[PDB]
Structures are given as C-alpha cells and as structure tokens.
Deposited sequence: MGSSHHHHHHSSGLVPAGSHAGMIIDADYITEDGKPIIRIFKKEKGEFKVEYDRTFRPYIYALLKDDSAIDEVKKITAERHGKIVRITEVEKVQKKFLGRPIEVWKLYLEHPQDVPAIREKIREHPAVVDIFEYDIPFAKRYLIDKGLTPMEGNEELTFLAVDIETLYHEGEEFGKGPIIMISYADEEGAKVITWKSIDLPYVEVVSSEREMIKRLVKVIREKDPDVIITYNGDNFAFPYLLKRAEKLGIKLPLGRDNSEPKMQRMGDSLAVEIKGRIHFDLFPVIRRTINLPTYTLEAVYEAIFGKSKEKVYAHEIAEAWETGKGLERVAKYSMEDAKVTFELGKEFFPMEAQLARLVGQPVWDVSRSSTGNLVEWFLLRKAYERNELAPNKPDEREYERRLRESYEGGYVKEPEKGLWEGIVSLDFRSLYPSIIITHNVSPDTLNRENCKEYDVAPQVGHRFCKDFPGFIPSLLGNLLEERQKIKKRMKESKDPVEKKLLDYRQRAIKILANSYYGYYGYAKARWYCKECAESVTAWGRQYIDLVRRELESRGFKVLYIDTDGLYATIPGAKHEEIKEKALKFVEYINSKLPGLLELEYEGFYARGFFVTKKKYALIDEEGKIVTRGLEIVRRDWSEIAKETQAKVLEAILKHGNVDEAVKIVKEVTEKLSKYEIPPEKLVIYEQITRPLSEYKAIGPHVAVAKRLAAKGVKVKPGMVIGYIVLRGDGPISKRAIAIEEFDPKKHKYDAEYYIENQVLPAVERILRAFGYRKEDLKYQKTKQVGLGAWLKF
C-alpha cells in the first residue's frame, strides 16, 4: 500500500500461517494480512527421477504427520554457476525444522539449502518489501522501573517500587509510597502501579518503546511481578503481552505492533566505553554528569521511608535521559534497517556481520542466487582454527598521539580486484588477479557477487553525498547524512564478514587477499609518515597510532591533518585515510590492547579494563590506580609502587574483607553442573541449609587460606567472620591483583615477578 513498514511477523490460524505487516500510514497504525505466502527449502538431487522418492518424505509435528505440499524444478545460480534444484513447499514454517534433516539424509539428495531463514524475514525478501521507507514520523516513549533489591536475592523477589516514563510532554514517576514531587503519581499498590503503566502505554500508543537494558531487566521483571500479582500486561497493539525471546545466553523482548528499542546493545556497538552504565553513556554523548543512586541506597530509602525524593528524582532522570538517548540513536538504526531490509527490532540487536548477511540474502533472491548454508559446528570450529598468512607495538609511555583509520581502504580493494568466493581459483578463467604473497587467483571474466554489490553501495553513497552538496533543505540533508553513513558502516563491514566464522559467504582466501593488497597501502602510509618525522607506535589492519617524538602537540595535529589531505590526493578512487583523533598520552601492549588519555583527561582503553562482578574490588581498584598513575601522572614508577604496596597489605591481612568478595551467578539447577566452581560449592551449602537456590541468583564469596583447589576453600560472604576466617592472600595476589596489572606493566618491560617486595 502507501505506509512505512515498521515490522512483520506471522500468526497461526486453523493451523495455517498468516503473515502480518505492521505499518504506519500518515500517523495511522495499519495491519495488512497475507495468507498466501508458503514456506519452502531447496534440494539438489543426484538426478531428476529421484524427486518421486523425495516428494514422498514425511515427518511429525503437533500430533499430525508433515508432508511436502508441492515440488517445483527451478533454475538458479550457485557460486556463479547455473544449477537445477527442487523447491519443496511445506504448509507451516514449523514443518521446516521437523522435516529438513529427513530430506538431507536421503541417498538421492546432494544437499539442501535456505532451510533456516525465519518466515517473516523470508516474506520481506521474497516480496521485495523494505522496512522504514518514507518520511513517516514515529512516536516515542521511554520506560524504566526501580525495584527493591537485597544482595543475592532470586530475580523478581522484591517488588517494583517505581515505574517511570518520559516523552516530549515530560518525565513522570508512578510509585505506591507517598513522595511529594510535581512529577510523581502516588497509587495504592504495586499492582495499581503496573496497571497505571499499562494505561499510559495504551493511551499514548507509542510506535517505539525505548528502554535501557529492558530486554534483560525492566520487561522480564515486569513480567515476573505481573505473574505473581496475577495481572496481564496487554502492551501489544493486538493486546498481546511483551514476548521474551531467548537470544543467545541472554533475552530480547518484543512488543507486537511496536518497536521495543533497547539502547543497551545499540550503544555498546556504536561507542567505546570501559563500562556501559546509563550514567557513563549519557555523559559520553551529551557531555553532562548524571548521578547514580545504588540499589542499597534505594532499598534503604524505601524500607526506612527516608530520602525517597532522591530515589524518585533518580527514577525520573533515568526515563528522561533514556528518551533523550533514544531520539539520538534511533535515526541511524532506522536507516540501517532500511538499507539491510529487515525491521529495527532485529537490526538494533545484531552485529555488523549479520547486517551484511541479511543484505546479501536479499540480494541473492533479487539475483536468483542460491544462498550457501551456515556452517555446522565442526566447520565453524575448523574456521576458528584457520591460520592467516601476512607488528608488535612500541614499548613505553608516549605523548601527543594521532590516531589514523584505514577501514575505508578495503571496499575499494574488494571491488578493483574482484575479490569474491565465486571468483576464487575459477576453472577455464581467461583473466585473473593474483593476490600478493598469498597468491590466490580471482577471475576477472565476470563481476563477483560481493564486488558487484559493494560497487553499487559506493556509487549510491557518492550520489547521496552529491545530492547533499546541492540541497538547500536542512531536513533532507540531515536524512541524507544518516543514509550515506549507513552505507559507509555496511560497506566497511565486508572485509570483516569474509573472515566471520558463522558467515554463509565466508571466504578465508578472500579475507587474506584483501589483507595482502591492503598492506601495500599501509606500508606506503607508514613510509610517508616516517619520511615526515613521525614514529609509528602501533599498527593493525584497522589503523595506526603515531607521534613526532618531542614535538609540540599543535604541530603534530597540523602535520597529521596535512598528511591525510596529501595521501588522499595520491590514493586513487574511493581509497580513503581518516584522521580519527588526538591523545595527550598513551601506551600499547599488543593487538587491540592499549590505553590512551585525551586532552580533556578521559581515559580510553581497549582489551585491558576488568570492570565485572566476578573480579574482586581490590584487583579492579588497583588496576584503575595503575592506569591513573600511568596516564594521569605519566608515572609508571608510581604504578609499580602501588602494586607492590597492595600485595604487601594483602600478605599482612591489612585489606578490608569487603574488597575481596567475588560474585558469580547460578545459571541452572545445581544438579545440572558438570564442573563445581567455588560459587557452586558455596551454593550447594546454601541449598543444604534450606536456601531456595535458583538460576539468576548471584553468589558472593571469599577465598580462604588452605590446601587444594579454591572450590573447597570458598566461603559465603554472609558466613565470613573476620575474627575466625583468614582470607587467601596468595590467591588474591597471584590470581586477582597481579593478572589485573601484569598485561599493562609488560608494555614498560615489567614481568609479574618484579611487582612485589
């Protein structure tokens, strides 16, 4: 029709699938239904006569037998070669996992294809439907909750004590205790507060619900408490409840007819932070501080009734900034959805590797190219163990560091050298390009599937950039700016995608060859930098860090900016080097393990910081102190003295026991564990005392002095008696503090043995 597609799914009616297309048409919510789309897979047979045995294969599901409804002989392309496969139709999507292995096992079946694409995604591709097209303006609502938590409680034990929401009308708090603030609505109970949230959402009818970690906290918690209280959450536009989907080891929540936009996975990919707390995230984007009110402060205020205004202000600000961040990060996710042709819900929760794959599956359909299969476990494992043919960084502390980015070099290399799995070492090829050093041959006789698509993306970006220069409308310009950035992101992900172990179009030789050709330009950049007095401190496939030893910082910045402008004038086509940034100081340990500090004093690290609950505070605190001594004080000698003093204090039992607590979650019933770690040993004793130990409960423990593995010497933090129990100083030194700092201090020539008296 005319509207913007925001999502798609399927429902089953009288055992048959119905596709639903969720649309927004000039401000109105619309649902279109399609009963005609049929599930299918492909089968390559040894011979056409075999179809008579294959079409008769059956399976079982929902107490009924599953059959192939129709078969169709089709002509397609596989690896740039014509192929004849049989399209096997099935009645219901759930018939595909039930029958696919019974077809694959058949002696007449060479292989099966396209048997794991979800029905709603299969529909959008086959029908040529693209989400988020048009100038349709969506409505947004941020949602958040505060709860009553005590250390180690089962998930959902304590009530929800506040629910906050925010949009352009302001930020509001719903609570069931008397708090006298203008934005606070006081209700009678937890039940009445949850029913008020339901009413707000049904009345405001937002297209987008913005949360911060709503997938794994706010919505699973609301669902747990609504279950306990025996109330429904009809938040879906079809009155359905929020739906929890197991996405990996964690969860993802969907709200039918809407976009549940969880900012946590989105921001985690976009920017680099040691910890992605809402307060750290808000400050990195808006340059303003946000106060954190910790779980224990919240519990204390609720139970004593004192200082509840502070907790209500915290709840309000949580919703307020969640709204602000949502508006900031949504436009780019909307353009990426449009580009890849899949809904924002899915696109915002996926890696760039999956964004590339979704883009390629759609283009394969458009081009009548059969998609290769995802690897089996053994192949995936064989791919992770593959070695690539074709430096370690400078030691010590460096000053005035410029960062240069190479990533925009690789799409142009893929295109000019026709680097694709369908062009690699092709038989009876008339002309080919040979990769330097690795010698892989890529046929020049026809454009490769992936170079062809990249060429079109880069051309489309150049058109957008030209239309941007010629536009007087700042609205169109803002939108076109997002569109051209989406292409840059997608195009710059192909190099990585070639080496991604889960990729359908995985190609080790393609990745290797792009690296080998890329290196010729990197070596040119390095020689040209050194001829200009620059010293290269660190270099990898993504970029480099350099300085002019002992030069004035403004001179380094000017010379680097002049260098980038010069080299890009020398580089042919769309090969581009970028000036990324400047740092006051920094040091480099190894590949993607380094730490820097900018001119505003913000520490920036990669592959070193250990901010996680399963590491003791003493190890995390010492590591922070070491990085601060090095980057803020330019003093490695102070850092070594900090480690030496901490280790002596641990040996003389001068460290508070509270800085020694280790936290680990129970993730299954205790009887299901194959290996009993210290937290499981502690948990089993707690359950033996009558504690209801459940998956989700976090176990706090201290390692005590003694013989054997740490499993037999861990004690529950609640059972620790400082007057009776002695902590293991050698464990906290050798397994906690020293591993936290040894990688960092290796960059300065220190070994683990030199960090003690």
Numbering from 1, run down the deposited sequence and write out every stretch that has no C-alpha in the structure. 1 to 19, 410 to 412, 780 to 793
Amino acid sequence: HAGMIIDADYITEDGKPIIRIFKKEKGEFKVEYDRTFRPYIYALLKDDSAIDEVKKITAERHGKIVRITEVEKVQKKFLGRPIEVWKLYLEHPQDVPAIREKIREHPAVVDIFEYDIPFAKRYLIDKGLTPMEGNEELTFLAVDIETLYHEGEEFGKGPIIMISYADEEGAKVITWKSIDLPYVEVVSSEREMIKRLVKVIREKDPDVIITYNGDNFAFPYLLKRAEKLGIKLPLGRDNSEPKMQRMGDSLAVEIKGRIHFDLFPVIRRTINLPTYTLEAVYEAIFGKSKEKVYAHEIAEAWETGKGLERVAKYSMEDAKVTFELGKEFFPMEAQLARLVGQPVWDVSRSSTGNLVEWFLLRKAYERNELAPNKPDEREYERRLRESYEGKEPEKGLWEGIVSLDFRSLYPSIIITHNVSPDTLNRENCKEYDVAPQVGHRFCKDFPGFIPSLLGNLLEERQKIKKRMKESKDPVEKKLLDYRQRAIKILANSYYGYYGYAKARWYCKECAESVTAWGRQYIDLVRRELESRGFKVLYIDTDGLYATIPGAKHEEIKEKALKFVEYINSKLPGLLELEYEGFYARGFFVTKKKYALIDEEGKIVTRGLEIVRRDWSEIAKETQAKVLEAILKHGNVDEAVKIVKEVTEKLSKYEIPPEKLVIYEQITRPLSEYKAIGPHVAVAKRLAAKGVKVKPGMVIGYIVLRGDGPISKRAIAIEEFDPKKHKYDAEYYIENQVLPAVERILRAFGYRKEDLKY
From here on, numbers count along this sequence of modelled residues.
Quick check on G390: across the other compared entries (only those modelling residues on both sides), is it unmodelled in a third or more? yes
Determine, for stretches 375 to 383 and 555 to 563, which one has the higher mean CA B-factor as deposited. 375 to 383
Higher avg CA temperature factor (598 to 606 vs 339 to 347, as deposited) belongs to 598 to 606
When the entry's CA B-factors for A98, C507, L631, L404 are compared, the highest one belongs to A98
Tell me which of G158, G448, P572, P131 tops the list for C-alpha B factor in the record. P572
Quick one: classify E279 as lowest, middle or highest third of the chain based on its Cα B-factor. middle
Chain thirds by Cα B factor, record data; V611 belongs to the highest
Chain-relative CA temperature factor third for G533: middle
Could you tell me which third, lowest, middle or highest, the C-alpha B-factor of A435 occupies within its chain? lowest
Which third, lowest, middle or highest, does the C-alpha temperature factor of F582 belong to within its own chain? middle
